[PDB]
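> Below: one structure in structure tokens.
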Amino acid sequence: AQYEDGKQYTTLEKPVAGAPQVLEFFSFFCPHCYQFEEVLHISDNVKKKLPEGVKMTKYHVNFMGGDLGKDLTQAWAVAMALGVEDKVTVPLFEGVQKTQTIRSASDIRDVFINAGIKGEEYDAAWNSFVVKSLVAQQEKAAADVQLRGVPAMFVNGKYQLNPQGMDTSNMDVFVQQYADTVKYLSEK
């Protein structure tokens, strides 16, 4: 075939019922995730090619960066709850990996404050039970697929993107290949 199991994707031998349609995992500590977000705009280009009716979910993971790793997962929960993903993603990545000014929960908070979320509403979200279950969701999903590495993408709980089986000499071509593969898997 042109799309072969073990080549551009792998099949989970333990399929995850009821999973979100397109499911992506990242860490703000993850260097290829930084690339995937700010240089390649993977998430974005995938959605540009997904059919009608297909929902896209993106979750943060704990297994990088220890204590701040977890803080970040809670902050991403807050980001989802307030719908401000698009205003904090880039400053969180640059804060962790570029400028290295994110060293504590308070530094994470400053990013939101600077991006215009109010202290009052940030702290309320941060401490809210809606955020707690949203953290639980992020962890459950990673758990459902025994996730040990990011970036990672899953389609319908049964296929996992395999970017290492795609040429990277051209970044535009890599992205479309990646996106087209998600689209192919989406219609499987």
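Simple scheme: letters A, B, ... for chains in structure tokens order, numbers from 1 for residues in each chain, numbers from 1 for ligands in the order shown.
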Give me, as CSV, the closest atom pair and its distance (Å, one decimal) for every residue of range 106-180 of chain A within a cut-off of 8 Å of range 79-88 of chain A, counting only C-alpha atoms, rows sorted by chain and rising number.

```
residue,atom,partner,partner_atom,distance
A:111,CA,A:88,CA,6.8
A:112,CA,A:88,CA,6.5
A:115,CA,A:87,CA,6.2
A:125,CA,A:81,CA,7.4
A:130,CA,A:81,CA,7.7
A:131,CA,A:81,CA,6.8
```
> So that I can check the surroundings of range 63-75 of chain A, please list as a PyMOL selection string every protein, DNA and RNA residue that reaches within 12 Å of it, counting only C-alpha atoms and ignoring chain neighbours fewer than 5 positions away.
chain A and resi 25-31+58+80-85+88-89+92-93+95-97+102-112+122-139+142-143+146-151
> Apply DSSP to the structure's backbone, then extract all residues of range 32-176 of chain A labelled alpha helix (DSSP H) and return them as a count of residues only.
75
> Quick one: everything within 12 Å of residue 18 in chain A, counting only C-alpha atoms, minus sequence neighbours fewer than 6 positions away in the same chain. Send it as a PyMOL selection string.
chain A and resi 141+144+155-158
> Write the selection just made, keeping C-alpha atoms, as a PDB file, in the first residue's frame?

```pdb
ATOM      1  CA  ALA A 141      -6.054   9.685  28.108  1.00  0.00           C
ATOM      2  CA  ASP A 144      -5.168   4.736  28.097  1.00  0.00           C
ATOM      3  CA  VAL A 155      -6.607   8.760  15.689  1.00  0.00           C
ATOM      4  CA  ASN A 156      -9.832   7.135  16.913  1.00  0.00           C
ATOM      5  CA  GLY A 157      -7.996   5.396  19.722  1.00  0.00           C
ATOM      6  CA  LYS A 158      -6.481   2.923  17.278  1.00  0.00           C
TER       7      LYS A 158
END
```
